[PDB]
Structures are given as C-alpha cells and as structure tokens.
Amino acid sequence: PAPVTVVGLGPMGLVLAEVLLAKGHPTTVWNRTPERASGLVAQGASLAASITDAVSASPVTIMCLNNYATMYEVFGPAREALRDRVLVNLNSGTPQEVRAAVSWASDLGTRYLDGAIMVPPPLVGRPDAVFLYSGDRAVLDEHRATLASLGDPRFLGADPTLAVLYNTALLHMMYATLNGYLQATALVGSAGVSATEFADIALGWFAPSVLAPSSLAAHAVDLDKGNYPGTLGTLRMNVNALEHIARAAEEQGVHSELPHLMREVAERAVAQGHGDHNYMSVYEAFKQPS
C-alpha cells in the first residue's frame, strides 16, 4: 500500500485518513488546526509540520477542505511541491469551481483528479461507498489501489466537472424524494394518521406502482426530444391537484411553501404552452434560470 497524504481533517478528512491508515498506507496528514490529528497520530499517522512537507511526503495528496477557495490559500506555499505530484480533490462543489481548480493545477504542472464522495463520513471505507471521479483517467488507473481503500471508485469520463455535478444532481433527487415523503407524512399526521399507517398505502402500494425508477426512466428519451404527450393526463389537470395540495397543507397547519412553489412552477410551464402536455413538460420550466 503506497504512502498517501490527506490535507484537511474535518469530519470527512479524518475518516479518509483513518481508513487509509487501517488499510496499511503510510499516511501523512495536515490540518490548519493540528490538534485534529491527535487520534490519527496515535493510530500511526505522521503529522506534517507544513503543507509543503505534507505534499512532499507522498506521491498522492488527497484534499478534503471546506470549499474550493480554501485550496488556493492552503496549497499556496506548496505550489512547487505539487509539481509532478498527484492531487485528488474530494471537495464537493460546482463545475465553475472545478474548472478554475483544473486550470490552477495545469499551470502548476500537477496531475489533478477531481472527485466527489457520495456517502457521509461514517460510511467511507465500505465496499459499497461510492466515490465519483472525472478528469484524467491515467491518475485513477495509476493510483487505483489507494482510492479503492476508500470505497468504490467510479470514473464518469474525461470532463473534470462530472463528479461534482452528478453529486449535486443525484443528491437533489434524494432530498426531493425524502422531502416529498416527509411532507406527505406530516400532512396525514395533522389528521391523526401515523407515519407507519401512511407507509402501508404510500410505500406498499403507491410508490412501487406509480414511482418505480424504470417508469421515470422511460420518460428520459422524451425529455431529450421535448416530446410530452398528454393524451392520458394533461398538465392543466395536474395544476388543479397542486392547488388542492397547497391549500390542504396551509389549512392543516403543516409546511406549505414547498407545495405552493411546486404549484407556481407547474403554472409557469402552462403559461409557456404546456397545458396539453403530460406533467413531465415541467422539465421545460426546470431548464430555465430563476
């Protein structure tokens, strides 16, 4: 197991280092506040005296800092140490932040690979914990054994922004679906229906029959074509149901802003000529900036 450097000992960075150490890697760590490395040092990690020392200690530096902006401040003194070394950026963020980092890394002559972690810190190190990677495939192939110690590395393609972008898109789907479930549970709960009683109907019947992933996936080809046949249900009729949902949430005394905004966004699609189309035409409203 090759030597590795971890820069950033927040909750995520601490677990990345702990796992690399447990998997046998000689691990050098660096953090602005050195006391965060106390437990790691007891486990066999080496606390670097400086960012340059940390970068020079290993062929690979894995960074996990609060934001992309922090990277420039932290790695400033280690710019020459980064030359001909590997920098794996596991920070979450946006495509604009990744493009700037890729340009900075190219100017320094460092081999850069951007990634995104799909799990919270306690799930890192498990064989099913997905880490997305995108950019220079050669970095992943050469340092595969090290990255595989953290979980399941999945390379998405040459575009370096893919990992962070897919992280935000997939996580958005998760939060929207969980919020839908929580809002519905709070709505029936306002009338004395228990969460478990509601799960019998909602998750036992409704969600498997109406919201099966393969059913949502069948709409994908039509989303790419902008084809939204409403022969079996139109957006205008869906708007009427959204109006009832929002008024119910409000009258029942549970959260009503998200229901009102969903009604408003569907109305925008109606205003732009999608009244006859199926509900998926609201994709046209999701494509437009707010």
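The numbering used is simple: start at 1 and walk along the sequence shown.
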Mean C-alpha B-factor comparison - 184-192 and 75-83, higher one: 75-83
Mean C-alpha B-factor higher for 196-204, or for 155-163? 155-163
Most elevated Cα B-factor in the entry, residues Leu235, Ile245, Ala42, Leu232: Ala42
Which one of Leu150, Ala176, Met118, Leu90 shows the top CA temperature factor in the record? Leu150
Lowest, middle or highest third - CA B-factor, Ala22: highest
Please place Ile62 in the lowest, middle or highest third of its chain according to the CA B-factor in the PDB entry. lowest
Pull the Cα B-factor of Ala54 out of the PDB entry and bin it into the chain's lowest, middle or highest third. middle
Sorting by Cα B-factor within the chain, modelled residues only, which third would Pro289 end up in: lowest, middle or highest? middle
Based on the deposited C-alpha B factors for this chain, I'd like to know if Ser38 is in the lowest, middle or highest third. middle
